[PDB]
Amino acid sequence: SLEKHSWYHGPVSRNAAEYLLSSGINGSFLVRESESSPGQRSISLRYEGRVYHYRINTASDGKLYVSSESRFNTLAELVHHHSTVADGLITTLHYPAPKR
């Protein structure tokens, strides 16, 4: 289901995400699941040669957010929003990492 999205890489470790992004540029990103904890997800984002990792938090009402001020019903809505408005991320989610 989520696999249809360019930016959704499934289970990938933090350190592996950094390798996947190392061919990236500012705004290169991917969304990953924890290999150990099903349902636990993060966004990994490249900026100025480094990778910033943001846990996708779940609100008491089930909404998702990476930045408390901006909350969403679905992950696709969250990513679409943050692709144009950084809103707490170091930069926008602009360039989905090629899946490998």
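Start at 1 and count along the sequence shown; that's the residue number. By rigid core we mean the largest C-alpha set that fits within 1.5 Å across both forms.
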If you line up the core and then measure how far each C-alpha sits from this form in 5 other deposited structures of this protein, which stretch comes out higher, 58-66 or 35-43? 35-43
Going by the B-factors listed in the PDB entry, is the mean over the C-alpha atoms higher for 14-22 or for 76-84? 76-84
Selected stretch [higher average CA B-factor]: 89-97 or 1-9: 1-9
Which one of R41, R71, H53, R50 shows the top CA temperature factor in the record? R71
Rank-wise, by C-alpha B-factor, drop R46 into the lowest, middle or highest third of its chain. lowest
So where's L30 on the chain's Cα temperature factor ranking, which third? lowest
